Protein chains: 2
Amino acid sequence: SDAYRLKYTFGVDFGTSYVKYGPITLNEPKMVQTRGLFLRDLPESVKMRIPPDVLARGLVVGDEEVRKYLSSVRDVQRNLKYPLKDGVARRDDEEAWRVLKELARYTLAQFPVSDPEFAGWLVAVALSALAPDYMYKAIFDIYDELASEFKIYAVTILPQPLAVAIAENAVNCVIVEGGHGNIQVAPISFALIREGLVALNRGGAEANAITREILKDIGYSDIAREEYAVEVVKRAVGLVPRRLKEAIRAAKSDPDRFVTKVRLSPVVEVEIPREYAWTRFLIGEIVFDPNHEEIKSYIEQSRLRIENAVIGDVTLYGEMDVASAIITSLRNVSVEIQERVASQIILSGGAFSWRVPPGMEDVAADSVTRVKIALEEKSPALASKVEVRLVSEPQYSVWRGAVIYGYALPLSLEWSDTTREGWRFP
Amino acid sequence: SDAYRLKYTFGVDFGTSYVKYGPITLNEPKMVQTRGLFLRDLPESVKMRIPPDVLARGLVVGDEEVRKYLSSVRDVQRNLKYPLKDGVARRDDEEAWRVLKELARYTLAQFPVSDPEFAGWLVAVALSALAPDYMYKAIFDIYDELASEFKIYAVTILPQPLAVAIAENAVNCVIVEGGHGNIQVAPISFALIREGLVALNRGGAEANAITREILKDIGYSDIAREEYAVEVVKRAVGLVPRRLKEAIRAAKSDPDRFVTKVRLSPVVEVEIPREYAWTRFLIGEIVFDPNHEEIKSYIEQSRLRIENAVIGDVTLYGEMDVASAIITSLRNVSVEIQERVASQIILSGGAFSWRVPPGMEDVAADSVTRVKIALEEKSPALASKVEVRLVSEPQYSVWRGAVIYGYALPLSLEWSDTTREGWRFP
Ligand SMILES: Nc1ncnc2c1ncn2[C@@H]1O[C@H](COP(=O)(O)OP(=O)(O)O)[C@@H](O)[C@H]1O
Ligand SMILES: Nc1ncnc2c1ncn2[C@@H]1O[C@H](COP(=O)(O)OP(=O)(O)O)[C@@H](O)[C@H]1O
């Protein structure tokens with residue numbers, strides 16, 4: 001069937017923090033935290049308050065559903081599982097797999113269908129470029145099981161940045177995509193150029209980790225130790241320099257211009273003091289650069305530090321650059337194609353979503369800008385030739401891609417373990 | 001008709017790398033690679049990107065049409081096809097003929113005609129001397145078919161080096177003509193003296209493969225593995241010695257005068273180091289004389305080797321000299337005739353296109369010179385009496401050759417099977 005294919009195509013982007021899902025039909029994707037809450041470490045008179053089915057699996061998942069069992073916990077550090085801390089789930093790590101399985105279930109679960117025609121979903125799934133083969137068969141297995149519980153006609157799985165490309169509708173480009181734990185920057189010429197893939201071991205999270213170590217310095221060590229806390233602080237105070245060293249001065253001589261405060265809870269309000277307005281920039285710049293003495297100051301001894309990690313063959317570089325990285329990405333393609341591929345730089349993901357506060361264009365930069373700056377800094381030659389833009393709706397990009405890709409990808413194509421594309425059926 | 005014949009005569013040189021094509025009217029022929037892209041192994045939302053018409057044949061050709069589907073598949077070995085790798089298409093090799101047909105169509109396709117009078121092209125085709133009878137019947141069959149899609153009045157097929165004779169307008173001469181895969185050297189006295197035909201089994205391609213192995217030694221193994229890169233390197237750094245050992249010693253003792261760097265893509269730039277500037281000469285000299293311990297060093301163990309191949313009756317000699325081959329050619333004609341056939345040495349093909357870097361005539365040599373030199377080396381006798389020149393525009397010679405030949409070659413002359421000359425009509 002076909003018209004069918006415009007109602008009943010189902011898209012599911014994973015990655016780190018949220019999991020965007022929903023039918024081809026939504027104007028936007030629903031959005032769900034990428035964590036599970038485990039049920040063992042818990043008082044009993046609230047285990048009865050829990051339906052017997054949900055008690056079955058040691059797992060609860062949901063934006064509101066986990067929201068409201070958070071206060072009565074024993075080990076919130078042991079009982080809260082984040083698989084895909086790094087876009088990748090540790091091969092054998094069982095809880096991590098289980099979370100994903102319920103994450104997979106929950107999402108499908110939100111859209112039951114009354115239509116008598118419905119004869120299954122067409123599920124498309126977006127995983128990190130970083131994602132190894134075992135992880136594909138894993139995700140394949142999950143959806144395989146879940147067709148006992150729901151009508152699933154077919155399932156496939158393209159990479160995340162590929163989806164952005166399909167989503168943008170740009171055949172040739174380099175796609176740099178930052179989410180929570182890392183930025184995968186990946187060149188596309190109709191498919192993922194897998195040797196040109198660079199990953200950075202730093203994402204939306206160092207932006208928190210700098211926020212968190214700033215709040216302690218202002219003197220809010222209370223709020224600091226709560227993640228939900230630092231997120232909205234950072235999301236709301238965070239700034240990106242045009243050049244940082246120039247920005248710092250501009251705010252040290254005119255604090256007033258840059259001071260801010262934001263209400264977290266009707267009771268709570270965080271003000272960034274005249275004393276510290278200038279750290280607002282370390283929040284933003286650290287996605288893009290981490291090479292300034294001022295950012296080096298909080299890695300001195302302070303909390304979760306900046307380093308390289310290794311997943312597949314691939315090494316996510318702790319320090320490098322978005323710039324140095326997009327170049328290194330380019331040097332790793334066919335000499336033939338570097339022209340048409342450096343043509344088009346597309347920024348997607350949460351971690352690039354920064355805005356300039358009205359009246360601050362002076363020295364604050366949005367990410368498209370911060371990046372172009374970085375290129376002219378590095379290669380006036382390239383920069384000139386390059387068109388860098390950011391997607392509208394950075395979170396939902398990888399989604400829209402997944403859904404178009406799921407739409408037309410004809411049903412005759414079977415998944416051939418090694419072609420790395422095509423439908424599976426159960 | 002006649003003024004007709006100056007508008008609508010169509011020229012088609014084949015051979016190994018490029019196919020020069022175009023109406024008699026163009027100052028230069030169009031140029032198009034002698035390969036095809038086979039469509040089975042591909043991304044499917046990117047064959048939605050192809051005409052279903054061109055999805056018809058498993059084949060695309062086009063200098064740009066192939067260019068932009070090249071990143072869609074890594075290790076292009078099997079998905080890319082060069083028929084006439086050696087100037088001949090392997091007899092039954094089905095895909096090689098398949099390419100040829102679409103190559104044949106493509107070329108014609110580029111010149112649509114609006115004129116009411118047009119009632120057919122007058123097509124002339126250049127093939128290697130080397131080209132067996134089946135291949136003439138085959139190429140004849142091709143154009144026979146496409147006359148259903150295009151207005152084709154008549155067709156005929158002359159040898160490559162004979163076209164150069166006609167193009168040069170030299171009744172009596174030896175034509176040495178070199179492309180990618182081989183140099184054919186063939187004596188002309190109104191006709192091509194078929195017993196005088198010698199082929200060298202090496203062309204502009206060894207100058208690449210010396211480049212390729214030179215590149216690895218400098219330490220650019222990445223770049224070396226792409227054809228498009230090596231070509232551009234070769235073409236840009238390659239040198240022809242006056243005498244090689246005299247040239248090496250000249251660049252070992254003064255590297256600076258011989259170092260060079262060259263921009264491949266706005267990112268990559270390949271420098272030939274102070275250390276190796278002398279290998280630039282191995283690029284040049286290899287077309288002409290693969291007999292030096294230095295060139296023998298890379299045949300030692302290294303990649304695609306220098307050997308004898310065997311086509312029709314003819315053996316393409318791996319190791320021989322353009323000078324020794326020129327002699328041997330001569331020794332196979334009428335003793336009566338050797339005088340004014342050796343009178344005139346004509347140099348054609350891209351493979352001879354070498355230029356000397358301003359201020360290097362000192363020790364570097366263009367191919368006219370390098371050959372002349374090789375003759376006074378071998379027959380001081382011969383040399384003196386001989387005038388050796390290079391065509392201007394060596395790429396496009398064979399082509400003007402074919403158009404003049406197709407121009408005046410009376411239409412009453414039918415293509416007989418054994419006379420090996422005349423028109424077919426379809
Ligand atoms: N304005 C903003 N500036 C910087 N980062 C942001 C902003 N808004 C949201 N984020 C980041 O969004 C991230 C989560 O987004 P998401 O697209 O789900 O990435 P992933 O799927 O890799 O977890 C968090 O790192 C948070 O830091
Ligand atoms: N400057 C140059 N020096 C030497 N060879 C060149 C140069 N430019 C192009 N070529 C050569 O042109 C050759 C192809 O010539 P072509 O006339 O198409 O022969 P064929 O048709 O037999 O392939 C390639 O070997 C390439 O090396």
# chains A, B, ... in the order shown; residues from 1 in each chain; ligands from 1
>>> residues_near_ligand(ligand="ligand 1", cutoff="8 Å", atoms="only C-alpha atoms and all ligand atoms", output="PyMOL selection string")
chain A and resi 13-20+33-34+86-87+178-182+203-205+207-208+231+234-236+238+284+349-355+394-396
>>> write_last_selection(atoms="N, CA, C and O atoms", output="short mmCIF file (atom, residue, chain, number, x, y, z; two decimals), in the first residue's frame")
data_model
loop_
_atom_site.label_atom_id
_atom_site.label_comp_id
_atom_site.auth_asym_id
_atom_site.auth_seq_id
_atom_site.Cartn_x
_atom_site.Cartn_y
_atom_site.Cartn_z
N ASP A 13 14.34 8.64 16.52
CA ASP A 13 15.74 9.07 16.63
C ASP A 13 16.17 8.77 18.04
O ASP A 13 15.47 9.17 18.95
N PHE A 14 17.29 8.09 18.24
CA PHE A 14 17.73 7.84 19.59
C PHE A 14 18.71 8.84 20.07
O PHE A 14 18.34 9.92 20.55
N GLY A 15 19.97 8.49 20.00
CA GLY A 15 20.93 9.39 20.62
C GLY A 15 20.68 9.59 22.12
O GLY A 15 20.06 8.76 22.76
N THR A 16 21.16 10.70 22.68
CA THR A 16 21.57 10.62 24.07
C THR A 16 20.56 11.04 25.12
O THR A 16 20.42 10.38 26.13
N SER A 17 19.90 12.15 24.88
CA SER A 17 19.18 12.81 25.95
C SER A 17 17.76 12.56 25.69
O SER A 17 17.06 12.05 26.54
N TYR A 18 17.30 12.90 24.51
CA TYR A 18 15.97 12.54 24.19
C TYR A 18 15.92 11.60 23.02
O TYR A 18 16.90 11.38 22.30
N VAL A 19 14.73 11.06 22.87
CA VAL A 19 14.39 10.10 21.87
C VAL A 19 13.18 10.69 21.17
O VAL A 19 12.06 10.65 21.70
N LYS A 20 13.39 11.25 19.98
CA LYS A 20 12.24 11.76 19.22
C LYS A 20 11.50 10.72 18.34
O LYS A 20 12.08 9.94 17.62
N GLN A 33 12.82 11.61 27.38
CA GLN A 33 14.11 11.35 28.03
C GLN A 33 14.72 9.95 27.71
O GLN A 33 13.99 8.96 27.55
N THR A 34 16.06 9.86 27.61
CA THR A 34 16.72 8.63 27.13
C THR A 34 17.38 7.91 28.31
O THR A 34 18.60 7.66 28.36
N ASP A 86 26.99 7.73 25.24
CA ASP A 86 27.84 8.22 24.21
C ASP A 86 27.30 7.90 22.82
O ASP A 86 28.08 7.70 21.92
N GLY A 87 25.99 7.90 22.66
CA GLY A 87 25.33 7.51 21.42
C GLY A 87 25.37 6.01 21.22
O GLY A 87 24.62 5.47 20.38
N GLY A 178 25.92 17.92 17.06
CA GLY A 178 26.16 17.84 18.48
C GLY A 178 24.87 17.64 19.25
O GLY A 178 23.84 18.30 19.01
N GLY A 179 24.96 16.70 20.17
CA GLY A 179 23.90 16.43 21.11
C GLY A 179 24.57 16.48 22.45
O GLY A 179 25.54 17.24 22.63
N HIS A 180 24.09 15.66 23.39
CA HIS A 180 24.54 15.82 24.75
C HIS A 180 25.97 15.41 24.98
O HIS A 180 26.78 16.22 25.41
N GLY A 181 26.31 14.18 24.66
CA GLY A 181 27.61 13.65 25.04
C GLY A 181 28.78 13.89 24.12
O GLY A 181 29.94 13.84 24.58
N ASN A 182 28.49 14.13 22.83
CA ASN A 182 29.51 14.31 21.78
C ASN A 182 28.95 14.95 20.52
O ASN A 182 27.72 14.97 20.30
N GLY A 203 29.98 17.63 24.18
CA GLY A 203 28.71 18.00 23.62
C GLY A 203 28.02 18.92 24.60
O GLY A 203 28.71 19.60 25.39
N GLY A 204 26.68 18.90 24.55
CA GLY A 204 25.81 19.77 25.36
C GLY A 204 26.16 19.71 26.83
O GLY A 204 25.83 20.61 27.59
N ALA A 205 26.88 18.65 27.21
CA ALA A 205 27.18 18.30 28.59
C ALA A 205 28.34 19.04 29.20
O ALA A 205 28.43 19.11 30.43
N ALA A 207 28.98 22.09 28.39
CA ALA A 207 28.19 23.29 28.61
C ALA A 207 27.47 23.27 29.96
O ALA A 207 27.29 24.31 30.58
N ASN A 208 27.05 22.08 30.41
CA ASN A 208 26.52 21.92 31.76
C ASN A 208 27.67 21.90 32.75
O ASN A 208 27.70 22.67 33.72
N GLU A 231 20.88 22.42 33.70
CA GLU A 231 20.37 22.46 32.33
C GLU A 231 19.73 23.82 32.05
O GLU A 231 20.24 24.58 31.24
N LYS A 234 22.01 26.84 32.23
CA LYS A 234 22.92 26.87 31.06
C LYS A 234 22.14 27.28 29.80
O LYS A 234 22.45 28.31 29.21
N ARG A 235 21.13 26.50 29.44
CA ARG A 235 20.16 26.88 28.41
C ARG A 235 19.73 28.35 28.45
O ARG A 235 19.33 28.93 27.45
N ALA A 236 19.81 28.99 29.61
CA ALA A 236 19.28 30.33 29.67
C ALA A 236 20.32 31.38 29.94
O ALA A 236 20.06 32.54 29.68
N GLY A 238 23.71 30.82 28.98
CA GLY A 238 24.86 30.47 28.16
C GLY A 238 25.07 31.34 26.95
O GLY A 238 24.12 31.66 26.23
N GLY A 284 29.10 28.67 26.35
CA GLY A 284 28.97 28.47 24.90
C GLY A 284 30.25 28.01 24.20
O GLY A 284 30.25 26.98 23.53
N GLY A 349 21.40 19.15 15.83
CA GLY A 349 21.50 18.74 17.22
C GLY A 349 21.19 19.87 18.19
O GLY A 349 21.13 21.05 17.82
N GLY A 350 20.96 19.49 19.43
CA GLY A 350 20.65 20.45 20.47
C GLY A 350 21.79 21.39 20.69
O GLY A 350 21.61 22.59 20.67
N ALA A 351 22.98 20.83 20.84
CA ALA A 351 24.13 21.55 21.38
C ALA A 351 24.64 22.71 20.54
O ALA A 351 25.69 23.27 20.86
N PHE A 352 23.93 23.04 19.47
CA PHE A 352 24.30 24.18 18.65
C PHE A 352 23.20 25.19 18.60
O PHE A 352 23.26 26.13 17.81
N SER A 353 22.21 25.01 19.47
CA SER A 353 20.95 25.75 19.41
C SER A 353 21.03 27.20 19.94
O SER A 353 20.04 27.95 19.84
N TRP A 354 22.20 27.59 20.47
CA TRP A 354 22.45 28.94 20.99
C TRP A 354 21.91 30.12 20.17
O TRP A 354 21.97 30.11 18.93
N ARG A 355 21.41 31.13 20.90
CA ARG A 355 21.00 32.44 20.36
C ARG A 355 21.74 33.61 21.01
O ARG A 355 22.19 33.52 22.16
N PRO A 394 16.62 22.26 15.31
CA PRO A 394 17.79 21.40 15.46
C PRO A 394 17.51 20.05 16.11
O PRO A 394 18.13 19.05 15.71
N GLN A 395 16.59 20.00 17.07
CA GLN A 395 16.30 18.74 17.74
C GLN A 395 15.61 17.76 16.81
O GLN A 395 15.95 16.58 16.74
N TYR A 396 14.67 18.29 16.04
CA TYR A 396 13.78 17.47 15.23
C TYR A 396 14.28 17.18 13.81
O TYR A 396 13.52 16.71 12.94
#
>>> residues_around(residues="residue 311 in chain B", least_positions_apart="3", cutoff="8 Å", atoms="only C-alpha atoms", output="number ranges by chain")
B: 88, 130, 314-316
>>> select_by_dssp(residues="range 94-212 of chain B", states="strand (DSSP E)", output="ChimeraX atom specification")
/B:121-127,152-159,172-178,183-189,191-192,198-200
>>> write_last_selection(atoms="N, CA and C atoms", output="compact mmCIF listing (two decimals), in the first residue's frame")
# COMPACT_ATOMS: atom_id res chain seq x y z
N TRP B 121 23.43 11.92 -39.57
CA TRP B 121 24.82 12.30 -39.39
C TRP B 121 25.68 11.42 -40.28
N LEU B 122 26.87 11.93 -40.61
CA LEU B 122 27.87 11.12 -41.29
C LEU B 122 28.96 10.79 -40.31
N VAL B 123 28.90 9.56 -39.81
CA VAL B 123 29.66 9.23 -38.64
C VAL B 123 30.92 8.53 -39.06
N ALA B 124 32.04 9.00 -38.53
CA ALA B 124 33.34 8.34 -38.68
C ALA B 124 33.96 8.01 -37.31
N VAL B 125 34.59 6.86 -37.23
CA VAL B 125 34.95 6.34 -35.93
C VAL B 125 36.42 5.97 -35.99
N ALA B 126 37.18 6.37 -34.99
CA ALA B 126 38.58 5.98 -34.91
C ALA B 126 38.80 4.83 -33.94
N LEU B 127 39.34 3.71 -34.41
CA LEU B 127 39.76 2.65 -33.48
C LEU B 127 41.26 2.32 -33.51
N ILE B 152 20.74 8.95 -38.40
CA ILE B 152 22.09 8.51 -38.87
C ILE B 152 22.11 8.10 -40.37
N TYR B 153 22.68 8.93 -41.26
CA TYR B 153 22.78 8.58 -42.70
C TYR B 153 23.75 7.43 -43.04
N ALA B 154 25.03 7.60 -42.72
CA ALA B 154 25.99 6.49 -42.79
C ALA B 154 27.15 6.56 -41.79
N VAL B 155 27.83 5.42 -41.71
CA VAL B 155 28.86 5.16 -40.71
C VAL B 155 30.06 4.47 -41.34
N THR B 156 31.25 4.73 -40.81
CA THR B 156 32.47 4.06 -41.24
C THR B 156 33.57 4.13 -40.17
N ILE B 157 34.59 3.29 -40.32
CA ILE B 157 35.57 3.12 -39.24
C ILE B 157 37.01 3.04 -39.70
N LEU B 158 37.79 4.09 -39.45
CA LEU B 158 39.20 4.09 -39.87
C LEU B 158 40.14 3.91 -38.68
N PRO B 159 41.29 3.25 -38.88
CA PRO B 159 42.30 3.19 -37.80
C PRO B 159 42.82 4.51 -37.17
N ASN B 172 53.24 10.06 -46.24
CA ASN B 172 54.36 9.17 -45.94
C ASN B 172 55.01 9.51 -44.62
N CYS B 173 55.04 8.53 -43.71
CA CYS B 173 55.46 8.76 -42.33
C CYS B 173 55.32 7.55 -41.46
N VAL B 174 55.92 7.62 -40.28
CA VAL B 174 55.60 6.68 -39.22
C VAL B 174 54.84 7.44 -38.15
N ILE B 175 53.68 6.91 -37.75
CA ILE B 175 52.89 7.54 -36.69
C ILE B 175 53.01 6.78 -35.37
N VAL B 176 53.61 7.43 -34.40
CA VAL B 176 53.70 6.84 -33.09
C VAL B 176 52.65 7.54 -32.29
N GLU B 177 51.69 6.76 -31.81
CA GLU B 177 50.58 7.33 -31.05
C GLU B 177 50.25 6.63 -29.76
N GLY B 178 50.28 7.44 -28.70
CA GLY B 178 50.27 6.97 -27.31
C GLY B 178 49.13 7.52 -26.48
N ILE B 183 51.14 2.52 -26.34
CA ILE B 183 51.56 3.23 -27.56
C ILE B 183 51.53 2.28 -28.76
N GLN B 184 50.73 2.66 -29.76
CA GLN B 184 50.74 2.00 -31.06
C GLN B 184 51.64 2.86 -31.95
N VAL B 185 52.65 2.21 -32.55
CA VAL B 185 53.54 2.84 -33.56
C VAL B 185 53.38 2.14 -34.91
N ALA B 186 53.02 2.91 -35.93
CA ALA B 186 52.50 2.31 -37.15
C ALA B 186 52.81 3.18 -38.35
N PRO B 187 53.39 2.55 -39.39
CA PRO B 187 53.93 3.24 -40.53
C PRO B 187 52.87 3.43 -41.59
N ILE B 188 52.95 4.58 -42.25
CA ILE B 188 51.94 5.01 -43.17
C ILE B 188 52.57 5.42 -44.48
N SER B 189 52.01 4.85 -45.54
CA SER B 189 52.36 5.14 -46.90
C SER B 189 51.04 5.00 -47.64
N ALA B 191 48.47 4.01 -47.02
CA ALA B 191 47.76 3.05 -46.21
C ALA B 191 48.49 2.86 -44.91
N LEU B 192 47.90 2.09 -44.02
CA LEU B 192 48.63 1.67 -42.87
C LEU B 192 49.28 0.33 -43.24
N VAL B 198 53.68 -2.05 -34.62
CA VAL B 198 54.11 -2.48 -33.31
C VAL B 198 53.35 -1.73 -32.24
N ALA B 199 52.98 -2.46 -31.20
CA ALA B 199 52.46 -1.81 -30.01
C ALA B 199 53.34 -2.02 -28.78
N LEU B 200 53.47 -0.95 -28.00
CA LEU B 200 54.06 -1.01 -26.69
C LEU B 200 52.97 -1.23 -25.67
>>> atom_distance(atom1="CA of residue 222 in chain A", atom2="CA of residue 31 in chain A")
28.6 Å
>>> interface_residues(of="chain B", to="chain A", cutoff="9 Å", atoms="only C-alpha atoms", output="PyMOL selection string")
chain B and resi 41-46+48+67-74+222-223+226+228-229+264-268
>>> residues_around(residues="residue 282 in chain A", least_positions_apart="5", cutoff="8 Å", atoms="only C-alpha atoms", output="ChimeraX atom specification")
/A:207,210,238-240,294-295
>>> residues_around(residues="range 211-217 of chain B", least_positions_apart="2", cutoff="8 Å", atoms="only C-alpha atoms", output="list in words")
residues 207, 208, 209, 219, 220, 221, 223, 224, 225, 230, 233, 234, 279, 283, 298, 302 and 303 of chain B
>>> write_last_selection(atoms="N, CA and C atoms", output="PDB file, in the first residue's frame")
ATOM      1  N   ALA B 207      53.306   6.071 -16.146  1.00  0.00           N
ATOM      2  CA  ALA B 207      53.626   7.385 -15.566  1.00  0.00           C
ATOM      3  C   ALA B 207      52.733   7.738 -14.375  1.00  0.00           C
ATOM      4  N   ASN B 208      51.502   7.233 -14.361  1.00  0.00           N
ATOM      5  CA  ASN B 208      50.686   7.305 -13.165  1.00  0.00           C
ATOM      6  C   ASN B 208      51.223   6.345 -12.129  1.00  0.00           C
ATOM      7  N   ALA B 209      51.336   5.071 -12.500  1.00  0.00           N
ATOM      8  CA  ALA B 209      51.718   4.056 -11.526  1.00  0.00           C
ATOM      9  C   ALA B 209      53.133   4.236 -10.955  1.00  0.00           C
ATOM     10  N   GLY B 219      55.149   9.634   1.351  1.00  0.00           N
ATOM     11  CA  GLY B 219      54.350   9.313   2.519  1.00  0.00           C
ATOM     12  C   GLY B 219      52.969   9.887   2.397  1.00  0.00           C
ATOM     13  N   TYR B 220      52.326   9.632   1.267  1.00  0.00           N
ATOM     14  CA  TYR B 220      51.015  10.207   0.985  1.00  0.00           C
ATOM     15  C   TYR B 220      50.047   9.089   0.624  1.00  0.00           C
ATOM     16  N   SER B 221      50.220   7.933   1.264  1.00  0.00           N
ATOM     17  CA  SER B 221      49.488   6.708   0.935  1.00  0.00           C
ATOM     18  C   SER B 221      47.992   6.897   0.757  1.00  0.00           C
ATOM     19  N   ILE B 223      46.500   9.509  -0.612  1.00  0.00           N
ATOM     20  CA  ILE B 223      46.231  10.179  -1.891  1.00  0.00           C
ATOM     21  C   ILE B 223      46.505   9.231  -3.049  1.00  0.00           C
ATOM     22  N   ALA B 224      47.625   8.508  -2.946  1.00  0.00           N
ATOM     23  CA  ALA B 224      48.068   7.492  -3.906  1.00  0.00           C
ATOM     24  C   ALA B 224      46.969   6.510  -4.319  1.00  0.00           C
ATOM     25  N   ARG B 225      46.078   6.161  -3.405  1.00  0.00           N
ATOM     26  CA  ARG B 225      45.035   5.202  -3.716  1.00  0.00           C
ATOM     27  C   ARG B 225      43.858   5.783  -4.505  1.00  0.00           C
ATOM     28  N   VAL B 230      46.288  10.914  -8.469  1.00  0.00           N
ATOM     29  CA  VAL B 230      47.575  10.614  -9.133  1.00  0.00           C
ATOM     30  C   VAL B 230      47.705  11.266 -10.496  1.00  0.00           C
ATOM     31  N   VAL B 233      48.527  14.838  -9.998  1.00  0.00           N
ATOM     32  CA  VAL B 233      49.951  14.866  -9.577  1.00  0.00           C
ATOM     33  C   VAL B 233      50.897  14.693 -10.775  1.00  0.00           C
ATOM     34  N   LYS B 234      50.729  13.549 -11.452  1.00  0.00           N
ATOM     35  CA  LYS B 234      51.517  13.154 -12.624  1.00  0.00           C
ATOM     36  C   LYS B 234      51.590  14.319 -13.594  1.00  0.00           C
ATOM     37  N   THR B 279      62.752  12.034  -8.527  1.00  0.00           N
ATOM     38  CA  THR B 279      61.804  11.014  -9.033  1.00  0.00           C
ATOM     39  C   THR B 279      60.852  11.585 -10.097  1.00  0.00           C
ATOM     40  N   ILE B 283      58.682   9.637 -13.858  1.00  0.00           N
ATOM     41  CA  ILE B 283      57.357   9.850 -14.455  1.00  0.00           C
ATOM     42  C   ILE B 283      57.439   9.967 -15.989  1.00  0.00           C
ATOM     43  N   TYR B 298      60.894  -0.213  -8.684  1.00  0.00           N
ATOM     44  CA  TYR B 298      59.472  -0.143  -8.319  1.00  0.00           C
ATOM     45  C   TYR B 298      58.678  -1.230  -9.043  1.00  0.00           C
ATOM     46  N   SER B 302      56.625  -3.725  -6.316  1.00  0.00           N
ATOM     47  CA  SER B 302      55.493  -2.799  -6.284  1.00  0.00           C
ATOM     48  C   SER B 302      54.380  -3.111  -7.297  1.00  0.00           C
ATOM     49  N   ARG B 303      53.346  -2.264  -7.371  1.00  0.00           N
ATOM     50  CA  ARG B 303      51.999  -2.632  -7.923  1.00  0.00           C
ATOM     51  C   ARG B 303      51.904  -3.157  -9.386  1.00  0.00           C
TER      52      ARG B 303
END
>>> select_by_dssp(residues="range 44-197 of chain B", states="helix (DSSP H, G or I)", output="ChimeraX atom specification")
/B:52-56,63-67,94-109,133-145,160-168
>>> write_last_selection(atoms="C-alpha atoms", output="mmCIF file, in the first residue's frame")
data_model
loop_
_atom_site.group_PDB
_atom_site.id
_atom_site.type_symbol
_atom_site.label_atom_id
_atom_site.label_comp_id
_atom_site.auth_asym_id
_atom_site.auth_seq_id
_atom_site.Cartn_x
_atom_site.Cartn_y
_atom_site.Cartn_z
ATOM 1 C CA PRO B 52 13.772 5.701 -14.775
ATOM 2 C CA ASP B 53 14.914 5.852 -18.370
ATOM 3 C CA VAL B 54 18.547 5.741 -17.261
ATOM 4 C CA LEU B 55 17.549 3.252 -14.668
ATOM 5 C CA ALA B 56 16.544 1.291 -17.803
ATOM 6 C CA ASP B 63 31.718 13.308 -17.405
ATOM 7 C CA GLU B 64 29.552 14.992 -14.791
ATOM 8 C CA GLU B 65 26.842 12.345 -14.539
ATOM 9 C CA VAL B 66 29.489 9.850 -13.292
ATOM 10 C CA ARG B 67 31.333 12.474 -11.265
ATOM 11 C CA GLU B 94 29.004 -8.226 -22.252
ATOM 12 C CA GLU B 95 29.219 -5.249 -19.977
ATOM 13 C CA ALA B 96 32.198 -3.740 -21.907
ATOM 14 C CA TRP B 97 30.096 -3.700 -25.107
ATOM 15 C CA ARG B 98 27.152 -2.414 -23.065
ATOM 16 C CA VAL B 99 29.226 0.624 -21.961
ATOM 17 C CA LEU B 100 30.407 1.236 -25.493
ATOM 18 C CA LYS B 101 26.771 1.427 -26.699
ATOM 19 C CA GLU B 102 25.803 3.981 -24.082
ATOM 20 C CA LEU B 103 29.060 5.787 -24.785
ATOM 21 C CA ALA B 104 28.029 5.788 -28.413
ATOM 22 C CA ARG B 105 24.542 7.124 -27.600
ATOM 23 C CA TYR B 106 25.609 9.732 -25.053
ATOM 24 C CA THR B 107 28.025 11.363 -27.469
ATOM 25 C CA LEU B 108 25.437 11.757 -30.247
ATOM 26 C CA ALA B 109 22.827 12.773 -27.750
ATOM 27 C CA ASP B 133 37.333 -7.669 -37.042
ATOM 28 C CA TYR B 134 34.616 -8.568 -34.545
ATOM 29 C CA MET B 135 35.016 -5.169 -32.924
ATOM 30 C CA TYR B 136 34.421 -3.409 -36.250
ATOM 31 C CA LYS B 137 31.311 -5.477 -36.741
ATOM 32 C CA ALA B 138 30.376 -4.765 -33.106
ATOM 33 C CA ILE B 139 30.847 -1.011 -33.346
ATOM 34 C CA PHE B 140 28.986 -1.246 -36.648
ATOM 35 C CA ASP B 141 26.149 -3.064 -34.938
ATOM 36 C CA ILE B 142 25.968 -0.387 -32.231
ATOM 37 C CA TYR B 143 25.532 2.515 -34.625
ATOM 38 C CA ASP B 144 23.061 0.365 -36.635
ATOM 39 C CA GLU B 145 20.808 0.202 -33.555
ATOM 40 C CA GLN B 160 43.542 5.582 -35.153
ATOM 41 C CA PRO B 161 47.056 6.246 -36.463
ATOM 42 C CA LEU B 162 45.859 6.586 -40.079
ATOM 43 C CA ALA B 163 43.479 9.327 -38.904
ATOM 44 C CA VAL B 164 46.542 11.104 -37.498
ATOM 45 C CA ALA B 165 48.220 10.749 -40.906
ATOM 46 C CA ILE B 166 45.170 12.297 -42.535
ATOM 47 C CA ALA B 167 44.881 14.935 -39.825
ATOM 48 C CA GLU B 168 48.507 15.869 -40.250
#
>>> closest_residue(among="B:278, B:8, B:399, B:150", to="ligand 2", atoms="only C-alpha atoms and all ligand atoms")
B:399
>>> atom_distance(atom1="CA of residue 304 in chain A", atom2="CA of residue 245 in chain A")
24.3 Å
